[PDB]
$ cat input_22.cif   # mmCIF, C-alpha atoms
data_target
#
loop_
_atom_site.label_atom_id
_atom_site.label_comp_id
_atom_site.auth_asym_id
_atom_site.auth_seq_id
_atom_site.Cartn_x
_atom_site.Cartn_y
_atom_site.Cartn_z
CA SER A 1 -52.32 230.38 -25.17
CA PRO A 2 -48.71 231.21 -24.29
CA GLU A 3 -46.22 233.13 -26.39
CA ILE A 4 -46.47 230.19 -28.75
CA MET A 5 -49.84 231.57 -29.77
CA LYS A 6 -48.83 235.14 -29.05
CA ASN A 7 -46.75 236.63 -31.84
CA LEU A 8 -45.77 240.27 -32.21
CA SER A 9 -46.09 242.27 -35.41
CA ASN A 10 -43.81 240.67 -37.98
CA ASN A 11 -40.37 241.27 -36.51
CA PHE A 12 -41.10 237.86 -35.05
CA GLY A 13 -44.14 236.31 -36.69
CA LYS A 14 -42.40 237.10 -39.95
CA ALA A 15 -38.90 236.09 -38.92
CA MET A 16 -40.38 232.97 -37.37
CA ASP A 17 -42.45 232.17 -40.44
CA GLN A 18 -39.52 233.08 -42.65
CA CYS A 19 -37.08 231.12 -40.53
CA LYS A 20 -39.43 228.17 -40.91
CA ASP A 21 -38.70 228.62 -44.60
CA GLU A 22 -35.19 229.94 -45.08
CA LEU A 23 -34.07 227.52 -42.40
CA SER A 24 -37.01 225.22 -43.07
CA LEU A 25 -36.67 224.59 -39.35
CA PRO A 26 -39.55 224.11 -36.90
CA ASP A 27 -40.94 227.46 -35.83
CA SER A 28 -41.87 225.56 -32.70
CA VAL A 29 -38.31 225.16 -31.46
CA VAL A 30 -37.79 228.87 -32.01
CA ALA A 31 -41.17 229.62 -30.48
CA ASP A 32 -39.79 227.93 -27.38
CA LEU A 33 -37.11 230.59 -27.07
CA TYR A 34 -39.91 232.93 -26.05
CA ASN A 35 -41.05 230.35 -23.53
CA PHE A 36 -37.98 230.04 -21.33
CA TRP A 37 -35.94 227.16 -22.67
CA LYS A 38 -33.03 229.55 -23.00
CA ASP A 39 -30.96 226.98 -21.14
CA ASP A 40 -31.66 224.82 -24.16
CA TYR A 41 -29.17 226.26 -26.62
CA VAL A 42 -28.06 225.03 -30.03
CA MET A 43 -26.67 222.21 -27.93
CA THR A 44 -30.10 220.72 -28.56
CA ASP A 45 -31.60 222.60 -31.48
CA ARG A 46 -29.27 224.90 -33.39
CA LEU A 47 -32.21 225.91 -35.54
CA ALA A 48 -33.55 227.76 -32.52
CA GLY A 49 -30.27 229.64 -32.59
CA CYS A 50 -30.37 230.14 -36.34
CA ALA A 51 -34.04 231.08 -36.38
CA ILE A 52 -33.42 233.62 -33.63
CA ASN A 53 -30.46 234.90 -35.62
CA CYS A 54 -32.69 235.36 -38.64
CA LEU A 55 -35.02 237.12 -36.23
CA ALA A 56 -32.77 240.14 -36.66
CA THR A 57 -33.38 239.68 -40.37
CA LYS A 58 -34.79 243.19 -40.35
CA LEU A 59 -33.04 245.40 -37.82
CA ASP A 60 -35.44 248.12 -38.91
CA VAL A 61 -38.14 246.25 -37.04
CA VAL A 62 -35.89 244.98 -34.28
CA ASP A 63 -34.37 248.42 -33.84
CA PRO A 64 -36.32 251.45 -35.08
CA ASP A 65 -33.88 253.98 -33.68
CA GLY A 66 -31.15 251.41 -33.18
CA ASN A 67 -32.29 249.67 -30.02
CA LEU A 68 -29.51 247.19 -30.71
CA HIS A 69 -27.83 245.06 -33.36
CA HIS A 70 -27.86 241.28 -33.48
CA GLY A 71 -24.47 239.87 -32.57
CA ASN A 72 -23.40 243.29 -31.34
CA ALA A 73 -26.07 244.57 -28.98
CA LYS A 74 -25.75 248.31 -28.48
CA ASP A 75 -25.00 249.74 -25.05
CA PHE A 76 -28.75 250.23 -24.92
CA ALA A 77 -29.83 246.60 -24.97
CA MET A 78 -27.20 245.42 -22.52
CA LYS A 79 -28.11 248.35 -20.30
CA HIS A 80 -31.82 249.07 -20.47
CA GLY A 81 -32.17 245.45 -19.44
CA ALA A 82 -28.77 244.33 -18.20
CA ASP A 83 -27.41 243.81 -14.71
CA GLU A 84 -24.55 246.06 -13.62
CA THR A 85 -22.66 242.80 -13.27
CA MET A 86 -23.81 241.37 -16.59
CA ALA A 87 -22.14 244.42 -18.11
CA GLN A 88 -18.65 243.10 -17.47
CA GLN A 89 -19.67 239.58 -16.53
CA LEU A 90 -20.89 238.86 -20.04
CA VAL A 91 -17.54 240.20 -21.18
CA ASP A 92 -16.28 237.13 -19.36
CA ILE A 93 -18.06 234.33 -21.18
CA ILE A 94 -18.52 236.49 -24.25
CA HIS A 95 -14.74 236.67 -24.16
CA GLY A 96 -14.53 232.89 -24.21
CA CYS A 97 -17.35 232.54 -26.71
CA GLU A 98 -16.79 235.51 -28.99
CA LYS A 99 -13.21 234.27 -29.11
CA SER A 100 -14.46 230.83 -30.07
CA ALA A 101 -17.21 232.32 -32.21
CA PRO A 102 -15.43 234.11 -35.06
CA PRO A 103 -17.13 235.96 -37.92
CA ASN A 104 -17.21 232.68 -39.81
CA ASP A 105 -19.45 232.56 -42.86
CA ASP A 106 -21.46 230.14 -40.76
CA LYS A 107 -22.28 233.09 -38.54
CA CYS A 108 -25.63 231.33 -38.39
CA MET A 109 -24.02 228.73 -36.17
CA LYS A 110 -21.04 230.91 -35.34
CA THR A 111 -22.26 234.26 -34.07
CA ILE A 112 -25.21 232.41 -32.59
CA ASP A 113 -22.73 230.64 -30.34
CA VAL A 114 -22.33 234.03 -28.70
CA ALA A 115 -25.91 235.18 -29.19
CA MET A 116 -26.62 232.11 -27.10
CA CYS A 117 -23.55 232.19 -24.89
CA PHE A 118 -24.92 235.26 -23.15
CA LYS A 119 -28.39 233.76 -23.28
CA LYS A 120 -27.03 231.16 -20.88
CA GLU A 121 -26.46 233.98 -18.42
CA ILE A 122 -30.23 234.31 -18.31
CA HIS A 123 -30.80 230.59 -17.90
CA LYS A 124 -29.37 231.31 -14.47
CA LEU A 125 -31.96 234.00 -13.82
CA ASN A 126 -33.27 233.34 -10.34
CA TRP A 127 -33.43 229.57 -10.63
CA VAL A 128 -30.38 227.54 -11.59
CA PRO A 129 -31.39 223.98 -12.53
CA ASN A 130 -27.72 223.04 -12.63
CA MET A 131 -29.11 219.54 -12.27
CA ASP A 132 -32.53 218.81 -13.71
CA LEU A 133 -33.72 215.31 -14.56
CA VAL A 134 -33.36 215.14 -18.32
CA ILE A 135 -33.04 211.45 -19.12
CA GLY A 136 -33.78 210.32 -15.59
CA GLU A 137 -30.31 208.92 -14.98
CA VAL A 138 -27.96 209.12 -12.03
CA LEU A 139 -27.00 212.78 -12.16
CA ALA A 140 -29.96 215.02 -11.44
CA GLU A 141 -32.47 214.81 -8.62
CA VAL A 142 -34.84 212.35 -10.27
#
$ encode --input "input_22.cif" --output "structure tokens"
Amino acid sequence: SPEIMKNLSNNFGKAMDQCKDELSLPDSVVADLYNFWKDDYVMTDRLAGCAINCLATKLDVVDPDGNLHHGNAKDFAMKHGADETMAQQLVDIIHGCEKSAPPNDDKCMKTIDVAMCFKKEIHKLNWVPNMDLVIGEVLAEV
């Protein structure tokens, strides 16, 4: 019974259930975000990026005292759990993403681009499966 079966108050269980409605997307793909498929960005399932975006639906739950703000994480989020390097580092990709991810009305798929861009920085936590058998073709160590 992983995170898939472990849901917080509502900030998630609600956003997830709501996302499964508003976005009518599979709450499973979004439930994977909690797993560790971060590497798997919209590139595969944008819904996961949209659902997560809707996750902020209520910042009151996400941030009681203003822990952060979807799209624009306060200096608290990217600090209380950010690497001294990630501080500026992110400013690197975020500079290439945020620049490519304007405040388009499709923020759902726009802002997310960034909300996920940085997420990629995590995908390279300690393990970097730069090459992981996906289709089982000549590319990754099958």
$ resolve_selection --input "input_22.cif" --expression "the PyMOL selection byres ((chain A and resi 87-103) around 12)" --output "JSON, numbers by chain"
{"A": [71, 72, 73, 74, 75, 76, 77, 78, 79, 80, 81, 82, 83, 84, 85, 86, 104, 105, 106, 107, 108, 109, 110, 111, 112, 113, 114, 115, 116, 117, 118, 119, 120, 121, 122]}
$ write_last_selection --input "input_22.cif" --atoms "C-alpha atoms" --output "compact mmCIF listing (two decimals), in the coordinates of the input"
# COMPACT_ATOMS: atom_id res chain seq x y z
CA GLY A 71 -24.47 239.87 -32.57
CA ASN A 72 -23.40 243.29 -31.34
CA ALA A 73 -26.07 244.57 -28.98
CA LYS A 74 -25.75 248.31 -28.48
CA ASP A 75 -25.00 249.74 -25.05
CA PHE A 76 -28.75 250.23 -24.92
CA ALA A 77 -29.83 246.60 -24.97
CA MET A 78 -27.20 245.42 -22.52
CA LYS A 79 -28.11 248.35 -20.30
CA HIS A 80 -31.82 249.07 -20.47
CA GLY A 81 -32.17 245.45 -19.44
CA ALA A 82 -28.77 244.33 -18.20
CA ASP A 83 -27.41 243.81 -14.71
CA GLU A 84 -24.55 246.06 -13.62
CA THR A 85 -22.66 242.80 -13.27
CA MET A 86 -23.81 241.37 -16.59
CA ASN A 104 -17.21 232.68 -39.81
CA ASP A 105 -19.45 232.56 -42.86
CA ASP A 106 -21.46 230.14 -40.76
CA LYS A 107 -22.28 233.09 -38.54
CA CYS A 108 -25.63 231.33 -38.39
CA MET A 109 -24.02 228.73 -36.17
CA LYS A 110 -21.04 230.91 -35.34
CA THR A 111 -22.26 234.26 -34.07
CA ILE A 112 -25.21 232.41 -32.59
CA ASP A 113 -22.73 230.64 -30.34
CA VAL A 114 -22.33 234.03 -28.70
CA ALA A 115 -25.91 235.18 -29.19
CA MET A 116 -26.62 232.11 -27.10
CA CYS A 117 -23.55 232.19 -24.89
CA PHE A 118 -24.92 235.26 -23.15
CA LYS A 119 -28.39 233.76 -23.28
CA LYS A 120 -27.03 231.16 -20.88
CA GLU A 121 -26.46 233.98 -18.42
CA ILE A 122 -30.23 234.31 -18.31
$ atom_distance --input "input_22.cif" --atom1 "atom CA of residue A:22" --atom2 "atom CA of residue A:45"
15.9 Å
$ closest_residue --input "input_22.cif" --among "A:70, A:6, A:123, A:38" --to "residue A:58" --atoms "only C-alpha atoms"
A:70
$ closest_residue --input "input_22.cif" --among "A:141, A:32, A:65, A:39" --to "residue A:52" --atoms "only C-alpha atoms"
A:32
$ resolve_selection --input "input_22.cif" --expression "the PyMOL selection byres ((chain A and resi 29) around 9)" --output "NGL selection string"
:A and (25-28 or 30-33 or 45 or 47-48 or 51)
$ atom_distance --input "input_22.cif" --atom1 "atom CA of residue A:61" --atom2 "atom CA of residue A:125"
27.0 Å
$ closest_residue --input "input_22.cif" --among "A:36, A:43, A:60, A:24" --to "residue A:10" --atoms "only C-alpha atoms"
A:60
$ build_atoms --input "input_22.cif" --residues "stretch 39-73 of chain A" --atoms "N, CA and C atoms" --output "PDB file, in the coordinates of the input"
ATOM      1  N   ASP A  39     -31.975 227.944 -21.545  1.00  0.00           N
ATOM      2  CA  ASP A  39     -30.960 226.980 -21.140  1.00  0.00           C
ATOM      3  C   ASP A  39     -30.706 226.003 -22.283  1.00  0.00           C
ATOM      4  N   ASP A  40     -31.762 225.732 -23.037  1.00  0.00           N
ATOM      5  CA  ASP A  40     -31.660 224.820 -24.160  1.00  0.00           C
ATOM      6  C   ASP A  40     -31.134 225.573 -25.383  1.00  0.00           C
ATOM      7  N   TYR A  41     -29.815 225.580 -25.507  1.00  0.00           N
ATOM      8  CA  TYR A  41     -29.170 226.260 -26.620  1.00  0.00           C
ATOM      9  C   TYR A  41     -28.982 225.310 -27.805  1.00  0.00           C
ATOM     10  N   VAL A  42     -28.319 225.822 -28.831  1.00  0.00           N
ATOM     11  CA  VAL A  42     -28.060 225.030 -30.030  1.00  0.00           C
ATOM     12  C   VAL A  42     -27.689 223.608 -29.620  1.00  0.00           C
ATOM     13  N   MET A  43     -27.085 223.500 -28.445  1.00  0.00           N
ATOM     14  CA  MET A  43     -26.670 222.210 -27.930  1.00  0.00           C
ATOM     15  C   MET A  43     -27.746 221.146 -28.189  1.00  0.00           C
ATOM     16  N   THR A  44     -28.979 221.616 -28.314  1.00  0.00           N
ATOM     17  CA  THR A  44     -30.100 220.720 -28.560  1.00  0.00           C
ATOM     18  C   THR A  44     -30.678 220.970 -29.955  1.00  0.00           C
ATOM     19  N   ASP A  45     -31.033 222.223 -30.202  1.00  0.00           N
ATOM     20  CA  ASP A  45     -31.600 222.600 -31.480  1.00  0.00           C
ATOM     21  C   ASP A  45     -30.947 223.903 -31.961  1.00  0.00           C
ATOM     22  N   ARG A  46     -29.977 223.751 -32.849  1.00  0.00           N
ATOM     23  CA  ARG A  46     -29.270 224.900 -33.390  1.00  0.00           C
ATOM     24  C   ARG A  46     -30.234 225.807 -34.156  1.00  0.00           C
ATOM     25  N   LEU A  47     -31.221 225.176 -34.775  1.00  0.00           N
ATOM     26  CA  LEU A  47     -32.210 225.910 -35.540  1.00  0.00           C
ATOM     27  C   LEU A  47     -32.749 227.068 -34.699  1.00  0.00           C
ATOM     28  N   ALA A  48     -33.034 226.759 -33.442  1.00  0.00           N
ATOM     29  CA  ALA A  48     -33.550 227.760 -32.520  1.00  0.00           C
ATOM     30  C   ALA A  48     -32.579 228.938 -32.459  1.00  0.00           C
ATOM     31  N   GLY A  49     -31.305 228.621 -32.628  1.00  0.00           N
ATOM     32  CA  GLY A  49     -30.270 229.640 -32.590  1.00  0.00           C
ATOM     33  C   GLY A  49     -30.146 230.347 -33.941  1.00  0.00           C
ATOM     34  N   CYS A  50     -30.446 229.600 -34.994  1.00  0.00           N
ATOM     35  CA  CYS A  50     -30.370 230.140 -36.340  1.00  0.00           C
ATOM     36  C   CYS A  50     -31.631 230.975 -36.593  1.00  0.00           C
ATOM     37  N   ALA A  51     -32.765 230.409 -36.202  1.00  0.00           N
ATOM     38  CA  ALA A  51     -34.040 231.080 -36.380  1.00  0.00           C
ATOM     39  C   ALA A  51     -33.992 232.440 -35.668  1.00  0.00           C
ATOM     40  N   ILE A  52     -33.523 232.407 -34.429  1.00  0.00           N
ATOM     41  CA  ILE A  52     -33.420 233.620 -33.630  1.00  0.00           C
ATOM     42  C   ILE A  52     -32.499 234.613 -34.342  1.00  0.00           C
ATOM     43  N   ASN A  53     -31.429 234.075 -34.910  1.00  0.00           N
ATOM     44  CA  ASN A  53     -30.460 234.900 -35.620  1.00  0.00           C
ATOM     45  C   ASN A  53     -31.155 235.597 -36.788  1.00  0.00           C
ATOM     46  N   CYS A  54     -31.969 234.830 -37.497  1.00  0.00           N
ATOM     47  CA  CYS A  54     -32.690 235.360 -38.640  1.00  0.00           C
ATOM     48  C   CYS A  54     -33.727 236.366 -38.127  1.00  0.00           C
ATOM     49  N   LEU A  55     -34.048 236.236 -36.850  1.00  0.00           N
ATOM     50  CA  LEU A  55     -35.020 237.120 -36.230  1.00  0.00           C
ATOM     51  C   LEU A  55     -34.608 238.575 -36.480  1.00  0.00           C
ATOM     52  N   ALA A  56     -33.304 238.806 -36.440  1.00  0.00           N
ATOM     53  CA  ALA A  56     -32.770 240.140 -36.660  1.00  0.00           C
ATOM     54  C   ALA A  56     -32.906 240.497 -38.143  1.00  0.00           C
ATOM     55  N   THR A  57     -33.217 239.484 -38.938  1.00  0.00           N
ATOM     56  CA  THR A  57     -33.380 239.680 -40.370  1.00  0.00           C
ATOM     57  C   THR A  57     -33.509 241.168 -40.693  1.00  0.00           C
ATOM     58  N   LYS A  58     -34.538 241.776 -40.125  1.00  0.00           N
ATOM     59  CA  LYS A  58     -34.790 243.190 -40.350  1.00  0.00           C
ATOM     60  C   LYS A  58     -34.542 243.955 -39.043  1.00  0.00           C
ATOM     61  N   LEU A  59     -33.402 244.631 -38.996  1.00  0.00           N
ATOM     62  CA  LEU A  59     -33.040 245.400 -37.820  1.00  0.00           C
ATOM     63  C   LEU A  59     -33.938 246.638 -37.728  1.00  0.00           C
ATOM     64  N   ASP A  60     -34.549 246.971 -38.855  1.00  0.00           N
ATOM     65  CA  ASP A  60     -35.440 248.120 -38.910  1.00  0.00           C
ATOM     66  C   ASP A  60     -36.634 247.883 -37.992  1.00  0.00           C
ATOM     67  N   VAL A  61     -37.016 246.619 -37.884  1.00  0.00           N
ATOM     68  CA  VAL A  61     -38.140 246.250 -37.040  1.00  0.00           C
ATOM     69  C   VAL A  61     -37.641 245.960 -35.627  1.00  0.00           C
ATOM     70  N   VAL A  62     -36.483 245.318 -35.559  1.00  0.00           N
ATOM     71  CA  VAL A  62     -35.890 244.980 -34.280  1.00  0.00           C
ATOM     72  C   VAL A  62     -35.434 246.263 -33.577  1.00  0.00           C
ATOM     73  N   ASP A  63     -34.853 247.155 -34.365  1.00  0.00           N
ATOM     74  CA  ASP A  63     -34.370 248.420 -33.840  1.00  0.00           C
ATOM     75  C   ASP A  63     -34.799 249.554 -34.771  1.00  0.00           C
ATOM     76  N   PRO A  64     -35.811 250.332 -34.303  1.00  0.00           N
ATOM     77  CA  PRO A  64     -36.320 251.450 -35.080  1.00  0.00           C
ATOM     78  C   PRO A  64     -35.348 252.630 -35.050  1.00  0.00           C
ATOM     79  N   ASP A  65     -34.822 252.886 -33.861  1.00  0.00           N
ATOM     80  CA  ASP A  65     -33.880 253.980 -33.680  1.00  0.00           C
ATOM     81  C   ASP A  65     -32.494 253.412 -33.386  1.00  0.00           C
ATOM     82  N   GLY A  66     -32.408 252.090 -33.440  1.00  0.00           N
ATOM     83  CA  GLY A  66     -31.150 251.410 -33.180  1.00  0.00           C
ATOM     84  C   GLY A  66     -31.099 250.871 -31.753  1.00  0.00           C
ATOM     85  N   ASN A  67     -32.191 250.231 -31.358  1.00  0.00           N
ATOM     86  CA  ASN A  67     -32.290 249.670 -30.020  1.00  0.00           C
ATOM     87  C   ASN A  67     -31.068 248.775 -29.765  1.00  0.00           C
ATOM     88  N   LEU A  68     -30.653 248.076 -30.812  1.00  0.00           N
ATOM     89  CA  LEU A  68     -29.510 247.190 -30.710  1.00  0.00           C
ATOM     90  C   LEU A  68     -29.193 246.610 -32.093  1.00  0.00           C
ATOM     91  N   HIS A  69     -28.234 245.697 -32.113  1.00  0.00           N
ATOM     92  CA  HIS A  69     -27.830 245.060 -33.360  1.00  0.00           C
ATOM     93  C   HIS A  69     -27.401 243.619 -33.080  1.00  0.00           C
ATOM     94  N   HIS A  70     -28.149 242.691 -33.659  1.00  0.00           N
ATOM     95  CA  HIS A  70     -27.860 241.280 -33.480  1.00  0.00           C
ATOM     96  C   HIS A  70     -26.344 241.059 -33.522  1.00  0.00           C
ATOM     97  N   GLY A  71     -25.883 240.179 -32.646  1.00  0.00           N
ATOM     98  CA  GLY A  71     -24.470 239.870 -32.570  1.00  0.00           C
ATOM     99  C   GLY A  71     -23.717 240.925 -31.753  1.00  0.00           C
ATOM    100  N   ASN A  72     -24.032 242.180 -32.036  1.00  0.00           N
ATOM    101  CA  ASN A  72     -23.400 243.290 -31.340  1.00  0.00           C
ATOM    102  C   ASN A  72     -24.479 244.209 -30.770  1.00  0.00           C
ATOM    103  N   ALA A  73     -25.031 243.795 -29.640  1.00  0.00           N
ATOM    104  CA  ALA A  73     -26.070 244.570 -28.980  1.00  0.00           C
ATOM    105  C   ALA A  73     -25.485 245.905 -28.514  1.00  0.00           C
TER     106      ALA A  73
END
